[PDB]
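Just the one chain here, laid out as structure tokens, in the form solved without the RNA.
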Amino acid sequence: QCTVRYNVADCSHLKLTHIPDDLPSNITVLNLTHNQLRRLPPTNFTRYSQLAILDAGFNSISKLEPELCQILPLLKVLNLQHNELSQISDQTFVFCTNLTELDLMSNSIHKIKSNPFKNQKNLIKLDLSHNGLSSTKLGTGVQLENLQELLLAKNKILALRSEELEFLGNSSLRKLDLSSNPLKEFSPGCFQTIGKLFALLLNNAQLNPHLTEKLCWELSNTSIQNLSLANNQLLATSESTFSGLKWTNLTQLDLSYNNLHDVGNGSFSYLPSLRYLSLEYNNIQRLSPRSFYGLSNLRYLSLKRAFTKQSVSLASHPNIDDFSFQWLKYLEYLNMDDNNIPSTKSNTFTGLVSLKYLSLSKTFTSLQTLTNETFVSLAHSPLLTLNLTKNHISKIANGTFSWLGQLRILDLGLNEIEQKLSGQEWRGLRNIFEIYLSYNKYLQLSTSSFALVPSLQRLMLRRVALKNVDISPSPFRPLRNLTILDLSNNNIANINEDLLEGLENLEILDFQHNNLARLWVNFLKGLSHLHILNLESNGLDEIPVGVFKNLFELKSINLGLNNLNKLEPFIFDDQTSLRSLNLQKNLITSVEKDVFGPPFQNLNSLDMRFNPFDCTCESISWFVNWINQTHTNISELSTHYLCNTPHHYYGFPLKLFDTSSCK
């Protein structure tokens, strides 16, 4: 039966057929979702006349009794989605007044007569989607004074009369949704009849260029701001297409998923108030210097997947030409992901003088080499972020970035870079904060590799194969303010121990899968801000005393997947703030207190399973006792902590080891 938390009585997937009484009378909620109820007799609700929100979505309800509302005088949100209600009457919701949200989302209510919501002078959001409606008309007089969000998507409405919307004579609508209706015409004045219209959703309504043109006329001279037209048949645009919007202060426009092939010249010259524009998922063939004329106030532009695709046969690629964005002088964000553009041009980005975030992931096809001229079109953009993942880049040249003097994030991962870093690629990055090089072919380092980027703070070199790493002074030496150094899966041939000297601000160090055992001293020298340290998978099997001396800030240490067994007492003497310890899949035999006491003191989480535990009081008594009385999190205790010796204890669960009989 029903479970009852704070003031709410949840009875969701039980397959009920009756309304339960066991529940409190001090509840102001009641989730009867997803059951089997015939209907909701206006009498069985007395016990909880405190019901603030009755949620009976997804049942078999057929009719609603008028008395229900009055028997429940504090019903604010009623939900009857996906029920079986037939037709609403003039007398049904006649009592519900404190109502703020009514949802009749899925009841196949084909027709509406009279004024069924005359008294809902408080209803803030009405939902009548997915029925059989063929008219927007819900009344005869100016009613629903306070309505704010009318949802009527997924119906069968073919026309917007001026007559069938006047009941909103003075209703400040924030959102009218008519998505998924087969609109064949918009009569004159249809959208004017509303008090105020702010946001309109006409997705997936089968609109084409002409009907969209007549749509924008009917929108002239209304307070609309968000207009969404995604997923229609708007194959091309003219200057006349959006002209009717010059008489509006439109702000946001969605034009994705329309199969848009050709943006006419000046298709947007009457949108000087637009800030957000989406062109995602389309087939733009060309962008010319005239394409975005008029968008002098634009801020966010997404052209992700907005171009001509690959196609099965012909090698087709869009053609954006110099200056296409020369008018977007207030733009700060530009997403150009997932497209088949060949490369940049010496003036591709010119005019974007307020740009900050430029995304170019999986954007280019014919690049592969970056040169001193590739990004010259941004020499005048205050860029902070540059994404270049997935472009098949293989070489970066001297001075490539000298233009982006104000960059902070640089992302060159998932590429095929293959070269030696003389240090001159970064020439000019005065403010760079993070550089991402993970998932590349190979980088040959040098004494100067990062000499010109001292402001750096985060550097990732995962899965890259590093050459020339045992060189003094270390290649990481100039990075005094470095805080994250994630370089794993490189398997470095020789690691001189000078590495990492001077990284006083280092907080995270990732050195996994780098066969660190061979070269092995005292790696971690003065890294007293180290918090997270991962040395997983290095074939380690005899770790020195002193490598953790003075790392008082360690919160997690991961030495899993090595060959550790014998540990010198006091190694973890300084790790008393440790929250997490993982030595899983090692060769540990004993778990003594002179080694594991300190760290265990405050540990929130421990992972030490898959180890040849020796079941003898000398090896585990202290351990097994500690395990019984600690609040620490140990997972899979009962099954993945088994004893290995002696004979009689092969595979016996550690936690079951009797300790009483010990001394």
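Heads up: residue numbers just count along the shown sequence, starting at 1.
The segment from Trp520 to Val521 is interrupted, since 4 to 9 residues of the deposited sequence in that interval carry no coordinates. Judged by mean Cα B factor in the deposited record, 312-320 ranks above the other of 312-320 and 538-546. When 440-448 is weighed against 408-416, 440-448 comes out higher, by mean CA B-factor as recorded in the entry.
The top Cα temperature factor in the record, among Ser619, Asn611, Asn604, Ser49, falls on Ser49. Annotation for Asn282, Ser590, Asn494, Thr369: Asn494 ranks highest, by Cα B-factor. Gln91: CA B factor lies in the highest third for its chain, per the PDB record. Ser635: CA B factor lies in the middle third for its chain, per the PDB record. Looking at the C-alpha B-factors along this chain, the one for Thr97 belongs to the highest third. Per the PDB record, residue ranking by Cα B-factor puts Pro382 in the lowest third of the chain. In the PDB entry, a CA B factor belonging to the highest third of its chain's modelled residues is recorded for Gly141.
Below, we turn to the form deposited with the RNA bound, even though it does not appear here.
Proximity of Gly189 to the RNA in the entry with it bound: non-hydrogen atoms within 4.5 Å are absent; the residue sits far from the partner. By the criterion of a heavy atom within 4.5 Å, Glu84 is counted among the residues contacting the RNA in the entry with it bound.
Of the heavy atoms in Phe623, none are within 4.5 Å of the RNA in the entry with it bound.
Although the partner is absent here, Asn491 is a contact residue: one of its heavy atoms lies within 4.5 angstroms of the RNA in the entry with it bound. Exactly one listed residue, out of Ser537, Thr365, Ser256, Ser402, brings a non-hydrogen atom to within 4.5 Å of the RNA in the entry with it bound: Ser537. Proximity to the RNA in the entry with it bound, defined as a heavy atom within 4.5 Å, singles out one entry of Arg290, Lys390, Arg463, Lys76, which is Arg463.
You can rule out all but one of 511-519, 131-139, 257-265, 214-222: in the entry with it bound, only 511-519 has residues with a heavy atom within 4.5 Å of the RNA.
Residues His13, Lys15, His34, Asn35 of 13-35 are found to place at least one heavy atom within 4.5 Å of the RNA in the entry with it bound.
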